[PDB]
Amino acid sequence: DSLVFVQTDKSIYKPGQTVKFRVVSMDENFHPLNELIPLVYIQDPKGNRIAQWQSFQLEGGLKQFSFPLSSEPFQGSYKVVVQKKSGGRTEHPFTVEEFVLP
């Protein structure tokens, strides 16, 4: 039983930008944990797993990832999903949008 959570460097990204997120783990008293996470992935508005990293171990209590969005990506709400060994899961949404007219 540890506290894992996800954080993106932004809440809203525009086409062409690289999404950067961090997976963090800690215990009560906020002690950093070098936890081995079984799964973390990004899901787009259509429900696709456009990126996925397996069996990685946190260093210093966290691990950073990045995902370069294409120039014409689906727009709307995405989500980073992390699955911890204990079977617990955590979802962190983020959006990608810009709109046709400036």
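A residue's number is simply how far along the shown sequence it sits, counting from 1.
The stretch with the higher mean CA B factor, choosing between 64-72 and 27-35, is 27-35. For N48, the recorded CA temperature factor ranks within the highest third of the chain's modelled residues. In this PDB entry, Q17 carries a Cα temperature factor that places it within the lowest third of its chain's modelled residues. When the modelled residues of the chain are ordered by their C-alpha B factor, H92 lands in the lowest third.
Among all modelled residues in this chain, the alpha-carbon of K79 has a temperature factor (C-alpha) in the lowest third.
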